Amino acid sequence: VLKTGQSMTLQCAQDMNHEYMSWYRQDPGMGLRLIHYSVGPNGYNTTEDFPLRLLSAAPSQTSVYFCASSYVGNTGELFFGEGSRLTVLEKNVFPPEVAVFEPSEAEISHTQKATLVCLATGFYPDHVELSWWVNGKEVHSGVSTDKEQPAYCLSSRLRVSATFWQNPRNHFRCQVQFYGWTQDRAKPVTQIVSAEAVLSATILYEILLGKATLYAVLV
Amino acid sequence: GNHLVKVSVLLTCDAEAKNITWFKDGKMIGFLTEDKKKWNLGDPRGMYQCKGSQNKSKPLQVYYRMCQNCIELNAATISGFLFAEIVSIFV
Amino acid sequence: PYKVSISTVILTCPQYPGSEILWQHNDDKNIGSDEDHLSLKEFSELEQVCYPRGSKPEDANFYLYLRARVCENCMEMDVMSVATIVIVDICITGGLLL
Amino acid sequence: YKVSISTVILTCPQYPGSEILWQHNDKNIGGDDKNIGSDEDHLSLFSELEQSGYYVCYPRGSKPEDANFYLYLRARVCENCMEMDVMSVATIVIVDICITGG
Amino acid sequence: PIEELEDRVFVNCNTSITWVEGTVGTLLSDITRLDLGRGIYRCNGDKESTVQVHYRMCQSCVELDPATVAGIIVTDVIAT
Amino acid sequence: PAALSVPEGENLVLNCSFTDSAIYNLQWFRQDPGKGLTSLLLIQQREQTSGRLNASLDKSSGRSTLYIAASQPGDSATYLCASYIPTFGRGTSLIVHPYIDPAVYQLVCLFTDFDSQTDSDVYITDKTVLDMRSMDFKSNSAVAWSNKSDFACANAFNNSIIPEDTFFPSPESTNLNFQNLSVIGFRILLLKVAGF
Amino acid sequence: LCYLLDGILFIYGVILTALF
Amino acid sequence: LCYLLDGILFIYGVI
Ligand SMILES: *[C@@H]1O[C@H](CO)[C@@H](O[C@@H]2O[C@H](CO)[C@@H](O[C@@H]3O[C@H](CO)[C@@H](O)[C@H](O)[C@@H]3O)[C@H](O)[C@H]2NC(C)=O)[C@H](O)[C@H]1NC(C)=O
Ligand SMILES: CC(C)CCC[C@@H](C)[C@H]1CC[C@H]2[C@@H]3CC=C4C[C@@H](O)CC[C@]4(C)[C@H]3CC[C@]12C
Ligand SMILES: CC(C)CCC[C@@H](C)[C@H]1CC[C@H]2[C@@H]3CC=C4C[C@@H](O)CC[C@]4(C)[C@H]3CC[C@]12C
Ligand SMILES: *[C@@H]1O[C@H](CO)[C@@H](O)[C@H](O)[C@H]1NC(C)=O
């Protein structure tokens with residue numbers, strides 16, 4: 001989380017002799033930008049380490065960052081970073097809150113395939129945008145994502161089978177992330193902000209292992 | 001700086017190499033090699049720290065509560081509780 | 001080194017002697033406590049370190065990981081608390097036979 | 001392959017007049033620590049995702065392009081656990097009726 | 001290679017798959033791919049690639065510990 | 001083309017445009033929201049084929065063309081064309097109709113399965129399709145979110161053209177990791193309490 | 001879900017035992 | 001998973 005005037009560092013690295021590294025920027029919906037690099041540029045500041053540093057108060061970032069790394073002289077296959085997104089916030093500072101919407105039983109009764117949607121509660125300004133995660137292991141199949149009061153838009157959707165969503169397991173960790181003070185609220189950086197989505201059967205079973213202990217105690 | 005101890009029940013000590021030694025509550029409990037980057041529980045409810053640098057590193061405290069449900073006396077959970085309990089101790 | 005108190009359930013943050021105690025949570029009316037106590041009511045599994053008066057939070061070297069429930073008029077849930085759950089079972093069979 | 005765990009045991013088919021050596025998950029495997037050891041017929045290992053992958057035996061020199069046969073053996077194998085293969089619960093039931101029989 | 005995706009296990013091949021005795025699955029809408037709920041399936045890149053597969057993490061299994069192994073033996077002997 | 005929607009199994013024509021010849025890089029990318037760009041060609045060779053893929057080249061013309069045989073909902077993503085920076089020549093956005101159902105559910109009212117052709121307290125999302133690989137059956141969908149004025153799905157999609165037979169039940173209608181296997185395991189001690 | 005039928009057959013087992 | 005329990009006791013309990 002970057003409050004205005006602060007500094008943020010995000011790192012990229014390679015270990016298989018990529019002689020060229022670059023940082024890419026993507027404005028979600030209509031923009032794609034390139035960030036200057038130095039293996040041996042506005043609003044942003046060794047061959048195995050690749051740092052990205054913020055040393056300006058520019059509020060117009062409002063984008064997603066990608067890291068680049070590839071060989072030179074061969075066919076030229078490109079390898080890209082997963083992504084990174086930042087923050088701009090001029091007390092009044094508030095990171096948008098994300099929420100989870102589970103499917104109902106009607107969808108699985110009719111079509112027998114589920115659909116998961118998670119939402120981030122919006123505000124007048126912007127700079128919140130990228131995708132989400134799941135089960136502490138990023139699944140890369142069937143993933144889909146993406147006015148107001150004059151005091152951006154991003155909702156993700158997943159196609160799921162009826163036998164796939166049923167569990168609390170297959171845990172959907174919805175988070176669009178500002179990666180990373182005189183207000184009663186905690187510091188803006190805080191941590192990963194996420195809304196999380198039968199295991200209660202397992203918990204009940206571990207509970208009646210209590211009875212499994214009563215039996216041994218009695219005998 | 002530091003903060004090299006991070007927490008599918010996995011415990012990690014990143015940025016280290018060669019012998020990694022695991023300390024649970026300050027005592028020698030586990031050896032980790034170069035090719036392995038993870039340590040697993042097998043509720044951890046323990047106090048842990050990792051030694052790859054001089055006198056270990058910044059320690060971490062962990063403990064886990066099983067029921068992700070059980071916000072309050074939830075009706076479904078309460079029903080499961082009362083049925084299972086009544087049968088189990090009437091026998 | 002963080003220990004809890006049983007009562008509203010309270011999480012405590014013992015620290016070195018400091019003229020002022022500061023917290024960093026991970027207009028909410030549920031965020032309220034006294035002394036070195038910390039209490040959460042209607043706790044959420046969403047985004048929802050503590051050090052004495054100082055310059056940076058890095059002085060409180062020990063960090064904490066927590067995934068639990070803080071509630072009111074609720075029994076404690078822990079590995080040993082299954083024995084408390086054990087206690088309520090043979091208590092309620094005592095209630096039933098009487 | 002016939003696999004049992006007591007340390008797990010791997011089975012590689014014997015070959016006429018051929019040396020024996022192993023490769024695991026496209027990386028080399030000893031036979032370095034106590035868990036890894038293999039000298040006569042079998043390869044001994046298991047820890048979840050890290051050691052899950054391809055397990056096969058290789059010859060000297062012509063490896064690895066010659067071998068079109070590769071086993072994809074991904075496992076969890078918790079430390080000190082039970083040999084149990086998907087449908088082998090009845091076999092696991094077979095074990096304890098034997099105990100009940102005696 | 002073969003892949004694990006969502007609910008069921010799958011066998012991936014760039015060409016048609018031929019099945020050797022084992023747990024019989026079902027053919028997917030893609031002729032070159034197969035689905036599972038072991039068997040050896042030949043594949044081509046030409047070169048021929050043969051893959052023998054058997055998987056260990058179960059939608060139906062049992063795993064436990066030697067102390068819990070002691071528990072299970074105690075239970076079945078006094079359940080005799 | 002534009003975000004063209006096509007039925008399953010059609011032959012494709014997706015084009016690039018470039019005005020430079022001093023380059024050695026030509027590859028194709030499938031884009032996911034949170035997965036970046038993954039490269040899917042080797043034409044840096046004018047006709048390379050790898051499964052469902054085919055491509056054609058004309059450096060004289062200044063335009064590249066790709067062909068997909070039996071395009072699937074996996075093609076429902078933006079397709080891109082490869083200083084050494086990946087100068088994306090033209091690019092193209094694509095969506096594929098998994099034609100053979102329509103129904104709106106309440107979760108956040110979820111319009112889905114239309115398969116064709118489809119004031120501030122209610123917010124809606126656009127039409128999407130995506131590769132469902134498990135059972136290889138897909139579905140288009142859209143979700144309407146609102147909290148104010150107690151919205152209902154029927155009036156929420158009063159702007160949208162719900163298909164003629166949209167199912168509207170508005171007021172009505174894998175284990176892993178040890179402990180489940182233990183549940184499969186300790187039924188012995190679970191049951192032997194009988195008589196005891 | 002299969003656990004709810006684990007119940008349904010658990011009541012099946014208890015009516016079995018009651019008949020026994 | 002419920003065949004563990006349907007396997008014998010259901011068919012034994014129906015008759
Ligand atoms: C890395 O960690 C392993 C953990 O097992 C070390 O193995 C054990 O290392 C100890 C010493 O740390 C060995 O004891 C004795 O060490 C000294 C060496 O000066 C000497 O008195 C003896 O020759 C003996 O080696 C012990 O044998 C060994 N035990 C086992 C079960 O492996 C390993 O040495 C460590 N590597 C290092 C510190 O470079
Ligand atoms: C061996 C077992 C079956 C013991 C018998 C007790 C039965 C009645 C218990 C055990 C497991 C229980 C289930 C465990 C988990 C859940 C999920 C929860 O959200 C609703 C209740 C529900 C679906 C329970 C219903 C009652 C249940 C089936
Ligand atoms: C799943 C955990 C709790 C293991 C314990 C299994 C318990 C719940 C099972 C095993 C033995 C069972 C009992 C065996 C005998 C009878 C007598 C019959 O006329 C009514 C049911 C009743 C009273 C059963 C109720 C359920 C029961 C108590
Ligand atoms: C290292 O040494 C000092 C002095 O012994 C000690 O106070 C400090 O806590 C140690 N560092 C750790 C344990 O991380």
# chains A, B, ... in the order shown; residues from 1 in each chain; ligands from 1
$ closest_atom_pairs --of "chain H" --to "ligand 2" --cutoff "12 Å" --atoms "only C-alpha atoms and all ligand atoms" --output "JSON lines"
{"residue": "H:1", "atom": "CA", "partner": "ligand 2", "partner_atom_place_in_ligand_line": "3 (C)", "distance": 11.7}
{"residue": "H:2", "atom": "CA", "partner": "ligand 2", "partner_atom_place_in_ligand_line": "3 (C)", "distance": 10.0}
{"residue": "H:4", "atom": "CA", "partner": "ligand 2", "partner_atom_place_in_ligand_line": "1 (C)", "distance": 11.3}
{"residue": "H:5", "atom": "CA", "partner": "ligand 2", "partner_atom_place_in_ligand_line": "1 (C)", "distance": 9.6}
$ closest_atom_pairs --of "chain G" --to "ligand 3" --cutoff "9 Å" --atoms "only C-alpha atoms and all ligand atoms" --output "Markdown table"
| residue | atom | partner | partner_atom_place_in_ligand_line | distance |
| --- | --- | --- | --- | --- |
| G:10 | CA | ligand 3 | 26 (C) | 7.5 |
| G:11 | CA | ligand 3 | 26 (C) | 7.7 |
| G:13 | CA | ligand 3 | 24 (C) | 7.7 |
| G:14 | CA | ligand 3 | 21 (C) | 4.3 |
| G:15 | CA | ligand 3 | 20 (C) | 6.3 |
| G:16 | CA | ligand 3 | 18 (C) | 7.8 |
| G:17 | CA | ligand 3 | 18 (C) | 5.2 |
| G:18 | CA | ligand 3 | 19 (O) | 3.4 |
| G:19 | CA | ligand 3 | 19 (O) | 7.1 |
| G:20 | CA | ligand 3 | 19 (O) | 7.8 |
$ closest_residue --among "B:79, B:15, B:60, B:42" --to "chain E" --atoms "only C-alpha atoms"
B:42
$ residues_around --residues "residue 100 (chain F)" --least-positions-apart "3" --cutoff "12 Å" --atoms "only C-alpha atoms" --output "compact mmCIF listing (two decimals) with N, CA and C atoms, in the first residue's frame"
# COMPACT_ATOMS: atom_id res chain seq x y z
N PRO F 7 -19.35 -19.46 -32.84
CA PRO F 7 -19.71 -20.78 -32.30
C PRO F 7 -18.50 -21.70 -32.26
N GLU F 8 -18.62 -22.74 -31.43
CA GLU F 8 -17.53 -23.68 -31.24
C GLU F 8 -17.22 -24.43 -32.53
N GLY F 9 -15.93 -24.65 -32.77
CA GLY F 9 -15.49 -25.48 -33.88
C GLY F 9 -15.29 -24.77 -35.20
N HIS F 97 -18.40 -18.80 -28.68
CA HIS F 97 -19.67 -19.26 -28.14
C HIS F 97 -19.68 -20.78 -28.03
N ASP F 113 -26.22 -18.59 -19.35
CA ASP F 113 -26.66 -19.60 -20.31
C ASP F 113 -27.53 -19.05 -21.43
N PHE F 114 -27.43 -17.75 -21.74
CA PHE F 114 -28.22 -17.19 -22.83
C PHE F 114 -27.78 -17.73 -24.18
N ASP F 115 -26.46 -17.91 -24.37
CA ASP F 115 -25.85 -18.53 -25.54
C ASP F 115 -25.90 -17.67 -26.80
N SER F 116 -26.60 -16.54 -26.76
CA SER F 116 -26.71 -15.74 -27.98
C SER F 116 -27.26 -14.36 -27.66
N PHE F 137 -17.59 -28.55 -20.59
CA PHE F 137 -18.85 -27.88 -20.87
C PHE F 137 -18.79 -26.47 -20.32
N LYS F 138 -19.18 -25.50 -21.13
CA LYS F 138 -18.98 -24.09 -20.82
C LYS F 138 -20.33 -23.39 -20.68
N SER F 139 -20.27 -22.13 -20.27
CA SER F 139 -21.48 -21.33 -20.08
C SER F 139 -21.10 -19.86 -20.05
$ select_by_dssp --residues "chain D" --states "strand (DSSP E or B)" --output "PDB file with N, CA and C atoms, in the first residue's frame"
ATOM      1  N   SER D   4       6.667 -50.205  -2.018  1.00  0.00           N
ATOM      2  CA  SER D   4       6.289 -50.362  -0.623  1.00  0.00           C
ATOM      3  C   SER D   4       7.117 -49.402   0.217  1.00  0.00           C
ATOM      4  N   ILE D   5       6.565 -49.005   1.361  1.00  0.00           N
ATOM      5  CA  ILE D   5       7.221 -48.069   2.265  1.00  0.00           C
ATOM      6  C   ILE D   5       7.215 -48.655   3.669  1.00  0.00           C
ATOM      7  N   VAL D   8      10.703 -45.264   1.340  1.00  0.00           N
ATOM      8  CA  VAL D   8       9.907 -45.950   0.338  1.00  0.00           C
ATOM      9  C   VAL D   8      10.837 -46.775  -0.544  1.00  0.00           C
ATOM     10  N   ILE D   9      10.262 -47.750  -1.244  1.00  0.00           N
ATOM     11  CA  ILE D   9      11.012 -48.663  -2.099  1.00  0.00           C
ATOM     12  C   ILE D   9      10.491 -48.537  -3.523  1.00  0.00           C
ATOM     13  N   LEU D  10      11.406 -48.336  -4.468  1.00  0.00           N
ATOM     14  CA  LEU D  10      11.085 -48.223  -5.883  1.00  0.00           C
ATOM     15  C   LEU D  10      11.544 -49.478  -6.615  1.00  0.00           C
ATOM     16  N   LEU D  21      21.114 -47.041 -12.730  1.00  0.00           N
ATOM     17  CA  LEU D  21      21.172 -45.711 -12.139  1.00  0.00           C
ATOM     18  C   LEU D  21      19.812 -45.057 -12.332  1.00  0.00           C
ATOM     19  N   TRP D  22      19.562 -44.005 -11.555  1.00  0.00           N
ATOM     20  CA  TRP D  22      18.232 -43.429 -11.447  1.00  0.00           C
ATOM     21  C   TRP D  22      18.258 -41.936 -11.740  1.00  0.00           C
ATOM     22  N   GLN D  23      17.129 -41.442 -12.241  1.00  0.00           N
ATOM     23  CA  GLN D  23      16.868 -40.020 -12.397  1.00  0.00           C
ATOM     24  C   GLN D  23      15.481 -39.730 -11.843  1.00  0.00           C
ATOM     25  N   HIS D  24      15.317 -38.555 -11.240  1.00  0.00           N
ATOM     26  CA  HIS D  24      14.066 -38.228 -10.564  1.00  0.00           C
ATOM     27  C   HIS D  24      13.631 -36.814 -10.915  1.00  0.00           C
ATOM     28  N   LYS D  27      15.696 -34.302 -12.537  1.00  0.00           N
ATOM     29  CA  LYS D  27      16.914 -34.011 -11.796  1.00  0.00           C
ATOM     30  C   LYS D  27      17.572 -35.313 -11.355  1.00  0.00           C
ATOM     31  N   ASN D  28      18.841 -35.212 -10.974  1.00  0.00           N
ATOM     32  CA  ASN D  28      19.570 -36.393 -10.547  1.00  0.00           C
ATOM     33  C   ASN D  28      19.206 -36.764  -9.113  1.00  0.00           C
ATOM     34  N   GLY D  37      19.342 -43.448  -1.144  1.00  0.00           N
ATOM     35  CA  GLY D  37      20.325 -44.510  -1.225  1.00  0.00           C
ATOM     36  C   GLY D  37      19.866 -45.642  -2.119  1.00  0.00           C
ATOM     37  N   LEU D  43      15.455 -48.081  -5.599  1.00  0.00           N
ATOM     38  CA  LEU D  43      15.750 -46.703  -5.229  1.00  0.00           C
ATOM     39  C   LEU D  43      14.906 -46.330  -4.017  1.00  0.00           C
ATOM     40  N   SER D  44      15.553 -45.780  -2.993  1.00  0.00           N
ATOM     41  CA  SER D  44      14.912 -45.486  -1.719  1.00  0.00           C
ATOM     42  C   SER D  44      14.713 -43.985  -1.567  1.00  0.00           C
ATOM     43  N   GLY D  53       7.305 -36.382  -8.888  1.00  0.00           N
ATOM     44  CA  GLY D  53       7.696 -36.155 -10.270  1.00  0.00           C
ATOM     45  C   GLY D  53       7.874 -37.456 -11.023  1.00  0.00           C
ATOM     46  N   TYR D  54       8.844 -37.453 -11.931  1.00  0.00           N
ATOM     47  CA  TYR D  54       9.161 -38.626 -12.729  1.00  0.00           C
ATOM     48  C   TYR D  54      10.236 -39.462 -12.045  1.00  0.00           C
ATOM     49  N   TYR D  55      10.020 -40.776 -12.010  1.00  0.00           N
ATOM     50  CA  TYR D  55      10.980 -41.723 -11.452  1.00  0.00           C
ATOM     51  C   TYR D  55      11.222 -42.821 -12.475  1.00  0.00           C
ATOM     52  N   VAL D  56      12.471 -42.966 -12.916  1.00  0.00           N
ATOM     53  CA  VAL D  56      12.815 -43.958 -13.928  1.00  0.00           C
ATOM     54  C   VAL D  56      14.288 -44.303 -13.780  1.00  0.00           C
ATOM     55  N   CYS D  57      14.689 -45.423 -14.371  1.00  0.00           N
ATOM     56  CA  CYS D  57      16.079 -45.848 -14.403  1.00  0.00           C
ATOM     57  C   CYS D  57      16.680 -45.569 -15.777  1.00  0.00           C
ATOM     58  N   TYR D  58      17.980 -45.312 -15.795  1.00  0.00           N
ATOM     59  CA  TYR D  58      18.691 -44.868 -16.983  1.00  0.00           C
ATOM     60  C   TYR D  58      19.909 -45.739 -17.235  1.00  0.00           C
ATOM     61  N   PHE D  69      10.449 -44.553 -22.100  1.00  0.00           N
ATOM     62  CA  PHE D  69       9.637 -44.994 -20.974  1.00  0.00           C
ATOM     63  C   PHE D  69       9.975 -44.135 -19.764  1.00  0.00           C
ATOM     64  N   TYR D  70       8.991 -43.390 -19.266  1.00  0.00           N
ATOM     65  CA  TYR D  70       9.161 -42.613 -18.047  1.00  0.00           C
ATOM     66  C   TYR D  70       7.905 -42.729 -17.200  1.00  0.00           C
ATOM     67  N   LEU D  71       8.090 -42.987 -15.909  1.00  0.00           N
ATOM     68  CA  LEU D  71       6.983 -43.085 -14.969  1.00  0.00           C
ATOM     69  C   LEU D  71       6.710 -41.710 -14.380  1.00  0.00           C
ATOM     70  N   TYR D  72       5.437 -41.329 -14.336  1.00  0.00           N
ATOM     71  CA  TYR D  72       5.001 -40.099 -13.680  1.00  0.00           C
ATOM     72  C   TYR D  72       4.417 -40.499 -12.329  1.00  0.00           C
ATOM     73  N   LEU D  73       5.225 -40.383 -11.280  1.00  0.00           N
ATOM     74  CA  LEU D  73       4.836 -40.782  -9.929  1.00  0.00           C
ATOM     75  C   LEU D  73       4.870 -39.543  -9.042  1.00  0.00           C
TER      76      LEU D  73
END
$ residues_around --residues "region 17-22 of chain C" --least-positions-apart "4" --cutoff "7 Å" --atoms "only C-alpha atoms" --output "number ranges by chain"
C: 50-53
$ residues_near_ligand --ligand "ligand 4" --cutoff "8 Å" --atoms "only C-alpha atoms and all ligand atoms" --output "PyMOL selection string"
chain B and resi 54-59
$ residues_near_ligand --ligand "ligand 1" --cutoff "12 Å" --atoms "only C-alpha atoms and all ligand atoms" --output "ChimeraX atom specification"
/B:17-22,28-34,51-52 /D:32-35
$ write_last_selection --atoms "N, CA and C atoms" --output "PDB file, in the first residue's frame"
ATOM      1  N   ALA B  17      20.874 -20.554   2.907  1.00  0.00           N
ATOM      2  CA  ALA B  17      21.471 -21.614   2.105  1.00  0.00           C
ATOM      3  C   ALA B  17      22.308 -22.497   3.024  1.00  0.00           C
ATOM      4  N   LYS B  18      22.774 -23.627   2.479  1.00  0.00           N
ATOM      5  CA  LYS B  18      23.556 -24.618   3.214  1.00  0.00           C
ATOM      6  C   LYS B  18      22.689 -25.166   4.348  1.00  0.00           C
ATOM      7  N   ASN B  19      23.293 -25.701   5.408  1.00  0.00           N
ATOM      8  CA  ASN B  19      22.530 -26.170   6.554  1.00  0.00           C
ATOM      9  C   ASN B  19      21.562 -25.112   7.071  1.00  0.00           C
ATOM     10  N   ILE B  20      20.281 -25.475   7.145  1.00  0.00           N
ATOM     11  CA  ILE B  20      19.267 -24.716   7.869  1.00  0.00           C
ATOM     12  C   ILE B  20      18.840 -25.544   9.075  1.00  0.00           C
ATOM     13  N   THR B  21      18.855 -24.932  10.255  1.00  0.00           N
ATOM     14  CA  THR B  21      18.490 -25.609  11.494  1.00  0.00           C
ATOM     15  C   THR B  21      17.197 -25.016  12.036  1.00  0.00           C
ATOM     16  N   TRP B  22      16.251 -25.888  12.365  1.00  0.00           N
ATOM     17  CA  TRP B  22      14.933 -25.510  12.855  1.00  0.00           C
ATOM     18  C   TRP B  22      14.918 -25.571  14.374  1.00  0.00           C
ATOM     19  N   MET B  28      16.795 -27.342  19.580  1.00  0.00           N
ATOM     20  CA  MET B  28      17.100 -28.014  18.322  1.00  0.00           C
ATOM     21  C   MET B  28      16.042 -29.063  18.008  1.00  0.00           C
ATOM     22  N   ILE B  29      15.312 -28.863  16.912  1.00  0.00           N
ATOM     23  CA  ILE B  29      14.258 -29.800  16.528  1.00  0.00           C
ATOM     24  C   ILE B  29      14.376 -30.296  15.095  1.00  0.00           C
ATOM     25  N   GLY B  30      15.028 -29.583  14.178  1.00  0.00           N
ATOM     26  CA  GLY B  30      15.018 -30.022  12.796  1.00  0.00           C
ATOM     27  C   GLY B  30      16.117 -29.482  11.907  1.00  0.00           C
ATOM     28  N   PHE B  31      16.627 -30.345  11.034  1.00  0.00           N
ATOM     29  CA  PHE B  31      17.652 -29.996  10.063  1.00  0.00           C
ATOM     30  C   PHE B  31      17.043 -29.903   8.668  1.00  0.00           C
ATOM     31  N   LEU B  32      17.388 -28.836   7.947  1.00  0.00           N
ATOM     32  CA  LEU B  32      16.957 -28.653   6.568  1.00  0.00           C
ATOM     33  C   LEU B  32      18.172 -28.434   5.680  1.00  0.00           C
ATOM     34  N   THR B  33      18.142 -29.029   4.493  1.00  0.00           N
ATOM     35  CA  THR B  33      19.261 -28.998   3.570  1.00  0.00           C
ATOM     36  C   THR B  33      19.036 -27.934   2.497  1.00  0.00           C
ATOM     37  N   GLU B  34      19.944 -27.887   1.518  1.00  0.00           N
ATOM     38  CA  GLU B  34      19.874 -26.866   0.478  1.00  0.00           C
ATOM     39  C   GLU B  34      18.693 -27.098  -0.459  1.00  0.00           C
ATOM     40  N   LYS B  51      17.624 -20.839  12.028  1.00  0.00           N
ATOM     41  CA  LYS B  51      19.038 -20.475  12.106  1.00  0.00           C
ATOM     42  C   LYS B  51      19.725 -20.818  10.790  1.00  0.00           C
ATOM     43  N   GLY B  52      19.945 -19.802   9.965  1.00  0.00           N
ATOM     44  CA  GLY B  52      20.843 -19.909   8.834  1.00  0.00           C
ATOM     45  C   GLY B  52      21.904 -18.834   8.928  1.00  0.00           C
TER      46      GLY B  52
ATOM     47  N   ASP D  32      22.007 -37.925  -1.432  1.00  0.00           N
ATOM     48  CA  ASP D  32      23.267 -37.737  -0.722  1.00  0.00           C
ATOM     49  C   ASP D  32      23.110 -38.042   0.764  1.00  0.00           C
ATOM     50  N   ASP D  33      21.932 -37.742   1.301  1.00  0.00           N
ATOM     51  CA  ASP D  33      21.648 -37.934   2.714  1.00  0.00           C
ATOM     52  C   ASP D  33      21.172 -39.366   2.961  1.00  0.00           C
ATOM     53  N   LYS D  34      20.674 -39.628   4.174  1.00  0.00           N
ATOM     54  CA  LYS D  34      20.269 -40.982   4.536  1.00  0.00           C
ATOM     55  C   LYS D  34      19.025 -41.419   3.772  1.00  0.00           C
ATOM     56  N   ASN D  35      18.102 -40.490   3.516  1.00  0.00           N
ATOM     57  CA  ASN D  35      16.862 -40.838   2.830  1.00  0.00           C
ATOM     58  C   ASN D  35      17.118 -41.330   1.411  1.00  0.00           C
TER      59      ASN D  35
END
$ interface_residues --of "chain A" --to "chain E" --cutoff "9 Å" --atoms "only C-alpha atoms" --output "PDB file with N, CA, C and O atoms, in the first residue's frame"
ATOM      1  N   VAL A 139      -4.695 -21.252  -9.358  1.00  0.00           N
ATOM      2  CA  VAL A 139      -5.240 -22.032 -10.463  1.00  0.00           C
ATOM      3  C   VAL A 139      -5.290 -21.161 -11.708  1.00  0.00           C
ATOM      4  O   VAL A 139      -5.696 -19.994 -11.652  1.00  0.00           O
ATOM      5  N   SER A 141      -6.921 -22.000 -14.726  1.00  0.00           N
ATOM      6  CA  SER A 141      -7.909 -22.568 -15.634  1.00  0.00           C
ATOM      7  C   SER A 141      -9.291 -22.053 -15.262  1.00  0.00           C
ATOM      8  O   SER A 141      -9.683 -22.116 -14.093  1.00  0.00           O
ATOM      9  N   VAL A 160     -17.219 -23.186 -12.189  1.00  0.00           N
ATOM     10  CA  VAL A 160     -16.938 -24.260 -11.252  1.00  0.00           C
ATOM     11  C   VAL A 160     -17.939 -25.381 -11.491  1.00  0.00           C
ATOM     12  O   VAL A 160     -19.069 -25.145 -11.932  1.00  0.00           O
ATOM     13  N   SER A 161     -17.520 -26.611 -11.216  1.00  0.00           N
ATOM     14  CA  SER A 161     -18.461 -27.715 -11.250  1.00  0.00           C
ATOM     15  C   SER A 161     -19.190 -27.815  -9.914  1.00  0.00           C
ATOM     16  O   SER A 161     -18.739 -27.296  -8.890  1.00  0.00           O
ATOM     17  N   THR A 163     -19.562 -30.537  -8.199  1.00  0.00           N
ATOM     18  CA  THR A 163     -18.681 -31.335  -7.358  1.00  0.00           C
ATOM     19  C   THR A 163     -17.406 -30.596  -6.975  1.00  0.00           C
ATOM     20  O   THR A 163     -16.632 -31.114  -6.163  1.00  0.00           O
ATOM     21  N   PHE A 164     -17.169 -29.414  -7.538  1.00  0.00           N
ATOM     22  CA  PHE A 164     -15.941 -28.659  -7.319  1.00  0.00           C
ATOM     23  C   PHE A 164     -16.091 -27.558  -6.273  1.00  0.00           C
ATOM     24  O   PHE A 164     -15.197 -27.382  -5.439  1.00  0.00           O
TER      25      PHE A 164
END
$ residues_around --residues "residue 80 (chain E)" --least-positions-apart "6" --cutoff "9 Å" --atoms "only C-alpha atoms" --output "MDAnalysis selection string"
chainID D and resid 99:102
